[PDB]
Structures are given as structure tokens and as C-alpha cells.
file input.cif (mmCIF, C-alpha atoms)
data_final
loop_
_atom_site.label_atom_id
_atom_site.label_comp_id
_atom_site.auth_asym_id
_atom_site.auth_seq_id
_atom_site.Cartn_x
_atom_site.Cartn_y
_atom_site.Cartn_z
CA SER J 300 87.38 -81.92 9.07
CA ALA J 301 87.61 -83.02 5.34
CA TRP J 302 83.95 -81.80 4.81
CA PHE J 303 84.79 -78.12 5.67
CA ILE J 304 88.11 -77.50 3.71
CA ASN J 305 86.69 -76.48 0.26
CA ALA J 306 84.25 -73.48 0.33
CA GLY J 307 80.61 -74.58 -0.39
CA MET J 308 78.66 -72.38 -2.89
CA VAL J 309 75.34 -70.69 -1.77
CA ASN J 310 73.01 -70.29 -4.84
CA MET J 311 71.27 -66.86 -4.32
CA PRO J 312 68.47 -66.23 -6.92
CA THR J 313 68.57 -63.02 -9.11
CA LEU J 314 66.54 -60.08 -7.61
CA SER J 315 63.63 -59.06 -9.95
CA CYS J 316 60.11 -57.65 -9.14
CA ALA J 317 57.44 -55.67 -11.14
CA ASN J 318 54.83 -54.80 -8.40
CA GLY J 319 55.89 -51.08 -8.20
CA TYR J 320 55.27 -50.48 -11.98
CA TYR J 321 51.92 -52.41 -12.24
CA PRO J 322 50.17 -52.30 -8.80
CA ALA J 323 46.85 -53.41 -10.51
CA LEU J 324 48.15 -57.07 -10.73
CA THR J 325 48.47 -57.25 -6.85
CA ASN J 326 44.92 -56.81 -5.36
CA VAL J 327 42.81 -58.06 -2.34
CA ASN J 328 42.16 -61.63 -3.76
CA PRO J 329 45.64 -63.26 -4.11
CA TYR J 330 46.40 -66.71 -5.71
CA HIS J 331 48.00 -69.35 -3.36
CA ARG J 332 48.52 -73.15 -3.89
CA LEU J 333 48.54 -74.15 -0.15
CA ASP J 334 46.08 -72.62 2.43
CA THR J 335 48.92 -72.68 5.10
CA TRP J 336 50.98 -70.13 3.03
CA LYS J 337 51.38 -67.42 5.80
CA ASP J 338 52.44 -69.82 8.67
CA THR J 339 56.29 -69.43 8.31
CA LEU J 340 56.24 -65.56 8.63
CA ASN J 341 53.63 -65.67 11.51
CA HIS J 342 56.00 -68.17 13.30
CA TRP J 343 59.21 -66.02 12.83
CA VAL J 344 57.60 -62.61 13.78
CA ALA J 345 56.29 -64.23 17.06
CA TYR J 346 59.42 -66.35 17.98
CA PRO J 347 62.59 -65.10 16.16
CA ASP J 348 65.14 -67.12 18.30
CA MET J 349 63.36 -70.48 17.42
CA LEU V 350 25.40 -34.97 6.79
CA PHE V 351 26.75 -33.76 10.23
CA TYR V 352 24.97 -36.72 12.00
CA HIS V 353 26.03 -39.22 9.23
CA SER V 354 29.69 -37.95 9.56
CA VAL V 355 30.00 -38.41 13.41
CA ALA V 356 28.29 -41.87 13.03
CA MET V 357 31.06 -43.00 10.55
CA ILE V 358 34.18 -41.65 12.43
CA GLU V 359 32.81 -42.99 15.81
CA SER V 360 32.33 -46.47 14.14
CA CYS V 361 35.92 -46.44 12.64
CA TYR V 362 38.00 -45.02 15.60
CA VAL V 363 36.20 -47.44 18.06
CA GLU V 364 37.15 -50.51 15.89
CA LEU V 365 40.77 -49.26 15.26
CA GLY V 366 40.97 -49.13 19.12
CA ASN V 367 40.44 -52.95 19.50
CA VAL V 368 42.30 -53.78 16.18
CA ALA V 369 45.57 -52.17 17.53
CA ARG V 370 45.47 -54.72 20.49
CA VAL V 371 46.01 -57.94 18.37
CA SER V 372 49.42 -59.71 17.86
CA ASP V 373 50.84 -59.86 14.25
CA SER V 374 51.09 -63.73 14.54
CA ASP V 375 47.34 -64.32 13.75
CA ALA V 376 45.00 -64.94 10.72
CA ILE V 377 43.02 -61.59 10.81
CA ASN V 378 45.63 -59.02 12.07
CA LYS V 379 46.71 -55.30 11.68
CA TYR V 380 47.97 -55.76 8.04
CA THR V 381 45.47 -58.33 6.57
CA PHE V 382 41.94 -57.39 7.94
CA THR V 383 40.83 -55.57 4.68
CA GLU V 384 41.77 -58.35 2.14
CA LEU V 385 39.64 -61.21 3.67
CA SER V 386 36.54 -58.92 4.20
CA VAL V 387 36.51 -57.38 0.63
CA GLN V 388 34.73 -59.69 -1.94
CA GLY V 389 35.10 -57.44 -5.06
CA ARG V 390 37.86 -56.15 -7.43
CA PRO V 391 39.02 -52.64 -6.34
CA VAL V 392 42.24 -51.09 -7.86
CA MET V 393 43.86 -50.63 -4.37
CA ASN V 394 42.54 -51.30 -0.78
CA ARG V 395 42.49 -47.58 0.31
CA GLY V 396 40.07 -44.63 0.88
CA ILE V 397 36.39 -45.72 1.42
CA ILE V 398 37.02 -49.56 1.30
CA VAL V 399 39.08 -49.49 4.60
CA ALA B 599 67.42 -83.57 -22.26
CA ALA B 600 70.79 -81.67 -22.12
CA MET B 601 72.16 -78.51 -23.90
CA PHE B 602 75.81 -77.20 -24.03
CA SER B 603 77.27 -73.74 -24.99
CA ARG B 604 80.93 -72.46 -24.68
CA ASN B 605 81.90 -75.95 -23.27
CA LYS B 606 79.52 -75.32 -20.26
CA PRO B 607 75.95 -76.57 -19.44
CA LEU B 608 73.11 -74.26 -20.72
CA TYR B 609 70.10 -74.60 -18.29
CA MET B 610 66.44 -73.69 -19.14
CA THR B 611 64.91 -71.13 -16.66
CA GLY B 612 61.49 -69.43 -16.09
CA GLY B 613 57.92 -70.86 -15.85
CA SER B 614 56.47 -74.22 -17.08
CA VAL B 615 55.35 -74.01 -20.79
CA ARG B 616 51.80 -75.47 -21.35
CA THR B 617 49.96 -76.66 -24.54
CA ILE B 618 47.80 -73.50 -25.19
CA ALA B 619 44.39 -74.47 -26.74
CA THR B 620 41.64 -72.15 -28.19
CA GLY B 621 39.22 -73.41 -25.44
CA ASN B 622 41.47 -72.46 -22.43
CA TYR B 623 41.00 -68.64 -22.97
CA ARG B 624 37.34 -68.61 -24.27
CA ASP B 625 36.15 -70.62 -21.16
CA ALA B 626 37.24 -67.47 -19.17
CA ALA B 627 35.19 -65.48 -21.79
CA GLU B 628 32.28 -67.95 -21.10
CA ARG B 629 33.01 -67.24 -17.35
CA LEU B 630 33.36 -63.44 -18.16
CA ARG B 631 34.13 -63.10 -14.40
CA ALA B 632 30.29 -63.04 -13.96
CA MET B 633 30.78 -62.10 -10.22
CA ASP B 634 28.64 -58.86 -10.20
CA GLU B 635 31.26 -56.07 -9.60
CA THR B 636 29.66 -55.01 -6.24
CA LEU B 637 31.95 -54.31 -3.20
CA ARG B 638 30.34 -56.71 -0.61
CA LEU B 639 32.29 -56.24 2.71
CA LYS B 640 31.77 -59.17 5.21
CA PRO B 641 32.20 -58.59 9.00
CA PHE B 642 34.39 -60.23 11.74
CA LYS B 643 32.96 -60.85 15.29
CA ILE B 644 35.64 -60.21 18.02
CA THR B 645 36.08 -63.16 20.52
CA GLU B 646 37.37 -62.65 24.14
CA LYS B 647 39.68 -65.25 25.87
CA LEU B 648 41.73 -65.64 29.13
CA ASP B 649 44.29 -62.76 28.60
CA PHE B 650 41.80 -60.02 27.38
CA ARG B 651 44.85 -57.64 26.78
CA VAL B 652 45.22 -58.96 23.14
CA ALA B 653 42.21 -59.20 20.71
CA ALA B 654 41.27 -62.23 18.48
CA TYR B 655 38.91 -62.01 15.40
CA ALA B 656 36.82 -65.01 14.15
CA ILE B 657 35.39 -65.50 10.57
CA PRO B 658 31.61 -65.82 11.40
#
call {"tool": "encode", "arguments": {"input": "input.cif", "output": "C-alpha cells"}}
result
Amino acid sequence: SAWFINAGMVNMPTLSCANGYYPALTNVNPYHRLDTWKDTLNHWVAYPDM
Amino acid sequence: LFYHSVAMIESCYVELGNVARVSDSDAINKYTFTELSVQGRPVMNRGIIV
Amino acid sequence: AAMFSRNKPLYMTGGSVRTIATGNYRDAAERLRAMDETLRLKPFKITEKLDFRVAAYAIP
């Protein structure tokens, strides 16, 4: 029970985005490093309780 | 133009019929069927491109 | 490398700084994006399988 006495800190990143102002930068040919970059969303939307 | 008009709307509304019957958990789906097909640089995927 | 301010750690944030050379921009000028600005739309052939209720699109 010694693990769960002191409250652990969750590091939430600062919310910033500039797609609404300059919609020209986001177009039909996006840049991605991995080719399996849409797998995690496609998994959640199909099976949420997993 | 009357014959060219009916030819275009009949082509679109037929394909949107069998596009509405695909699950979101897939490669070419409801949201991302325009991006993969387009091989240019339009401002925004709307109007005549879709 | 470590930095301190107000008796607390000062951390570096943002993107990874590169060594910008004169060649790195003018190779994109040499490239010019020479892809002829012509809206070529490629098709998708629908493929039927056991269920038939849901649709599945292939690349070719």
C-alpha cells in the first residue's frame, strides 16, 4: 500500500493548434513517419471496451 | 448540358450509396476516400474534387 | 547539458534545431515541385466478401 499513499503527477501537455487560422498547411497529401499511423484510432472506434 | 448533368449526379449518388455501407475501421472509409485518390495540390478537398 | 533559473531546472522545449545549409533550401528550388499541377484522380474498385452488408474498397 506504500506505492499509493503520495499522489502521482499526470503530465498533460499544453493545448495549442493553428489549423483553423491557416487551413492551407493541412491538405490531401499529409506527412507521416510510420505507414501504420491510423491503426490506433481504427482499433478504438471498432472495439472501445478493448 | 441536361444530359451531362444527369450523367454526373447519377454517377455520384450511386457511389455514395455503396460508400455509406463501409465500417469506419478500414483504410479507404467515409472520411478518407478523397485524400488517397487526389494526386495534386488543391486548397481544400471540397466542391468539384469530391 | 543542464540549465538552472530561480533555483529550479530550466528545460529546453520545441522542435529539434538542425544545421541549416544554403544547399538544403535550393535543392527544393532545383526540385521546384516539378509535379505538373494537374488534378489526377485515381479510382478504387469495390470488392465483395462473405457478409455483403458492409463494403470494402481495394487500391487497384
call {"tool": "resolve_selection", "arguments": {"input": "input.cif", "expression": "the PyMOL selection byres ((chain V) within 12 of (chain J))", "output": "JSON list (two decimals) with C-alpha atoms, keeping the file's coordinate frame"}}
result
[["chain", "number", "residue", "atom", "x", "y", "z"],
["V", 372, "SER", "CA", 49.42, -59.71, 17.86],
["V", 373, "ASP", "CA", 50.84, -59.86, 14.25],
["V", 374, "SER", "CA", 51.09, -63.73, 14.54],
["V", 375, "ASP", "CA", 47.34, -64.32, 13.75],
["V", 376, "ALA", "CA", 45.00, -64.94, 10.72],
["V", 377, "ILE", "CA", 43.02, -61.59, 10.81],
["V", 378, "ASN", "CA", 45.63, -59.02, 12.07],
["V", 380, "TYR", "CA", 47.97, -55.76, 8.04],
["V", 381, "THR", "CA", 45.47, -58.33, 6.57],
["V", 382, "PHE", "CA", 41.94, -57.39, 7.94],
["V", 383, "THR", "CA", 40.83, -55.57, 4.68],
["V", 384, "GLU", "CA", 41.77, -58.35, 2.14],
["V", 385, "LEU", "CA", 39.64, -61.21, 3.67],
["V", 386, "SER", "CA", 36.54, -58.92, 4.20],
["V", 387, "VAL", "CA", 36.51, -57.38, 0.63],
["V", 388, "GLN", "CA", 34.73, -59.69, -1.94],
["V", 389, "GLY", "CA", 35.10, -57.44, -5.06],
["V", 390, "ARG", "CA", 37.86, -56.15, -7.43],
["V", 391, "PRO", "CA", 39.02, -52.64, -6.34],
["V", 392, "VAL", "CA", 42.24, -51.09, -7.86],
["V", 393, "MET", "CA", 43.86, -50.63, -4.37],
["V", 394, "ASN", "CA", 42.54, -51.30, -0.78],
["V", 395, "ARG", "CA", 42.49, -47.58, 0.31],
["V", 398, "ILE", "CA", 37.02, -49.56, 1.30],
["V", 399, "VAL", "CA", 39.08, -49.49, 4.60]]
call {"tool": "atom_distance", "arguments": {"input": "input.cif", "atom1": "atom CA of residue B:643", "atom2": "atom CA of residue V:364"}}
result
11.2 Å
call {"tool": "resolve_selection", "arguments": {"input": "input.cif", "expression": "the PyMOL selection byres ((chain V and resi 369) around 9)", "output": "ChimeraX atom specification"}}
result
/V:364-368,370-372,378-379 /B:652-653
call {"tool": "resolve_selection", "arguments": {"input": "input.cif", "expression": "the PyMOL selection byres ((chain B and resi 644) around 7)", "output": "JSON, numbers by chain"}}
result
{"B": [642, 643, 645, 646, 654, 655, 656]}
call {"tool": "closest_atom_pairs", "arguments": {"input": "input.cif", "of": "chain B", "to": "chain J", "cutoff": "12 Å", "atoms": "only C-alpha atoms", "output": "tab-separated table"}}
result
residue	atom	partner	partner_atom	distance
B:611	CA	J:312	CA	11.5
B:612	CA	J:313	CA	11.8
B:637	CA	J:327	CA	11.5
B:639	CA	J:327	CA	11.8
call {"tool": "write_last_selection", "arguments": {"input": "input.cif", "atoms": "C-alpha atoms", "output": "mmCIF file, in the coordinates of the input"}}
result
data_model
loop_
_atom_site.group_PDB
_atom_site.id
_atom_site.type_symbol
_atom_site.label_atom_id
_atom_site.label_comp_id
_atom_site.auth_asym_id
_atom_site.auth_seq_id
_atom_site.Cartn_x
_atom_site.Cartn_y
_atom_site.Cartn_z
ATOM 1 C CA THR B 611 64.910 -71.130 -16.660
ATOM 2 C CA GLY B 612 61.490 -69.430 -16.090
ATOM 3 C CA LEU B 637 31.950 -54.310 -3.200
ATOM 4 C CA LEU B 639 32.290 -56.240 2.710
#
call {"tool": "axis_aligned_box", "arguments": {"input": "input.cif", "around": "stretch 370-377 of chain V", "padding_each_side": "8 Å", "output": "JSON"}}
result
{"center_x": 47.1, "center_y": -59.8, "center_z": 15.6, "size_x": 24.1, "size_y": 26.2, "size_z": 25.8}
call {"tool": "atom_distance", "arguments": {"input": "input.cif", "atom1": "atom CA of residue V:358", "atom2": "atom CA of residue B:635"}}
result
26.5 Å
call {"tool": "closest_residue", "arguments": {"input": "input.cif", "among": "B:602, B:650, B:623, B:609", "to": "chain V", "atoms": "only C-alpha atoms"}}
result
B:650
call {"tool": "atom_distance", "arguments": {"input": "input.cif", "atom1": "atom CA of residue B:657", "atom2": "atom CA of residue J:336"}}
result
17.9 Å
call {"tool": "residues_around", "arguments": {"input": "input.cif", "residues": "residue B:610", "least_positions_apart": "5", "cutoff": "12 Å", "atoms": "only C-alpha atoms", "output": "PyMOL selection string"}}
result
chain B and resi 599-602+615
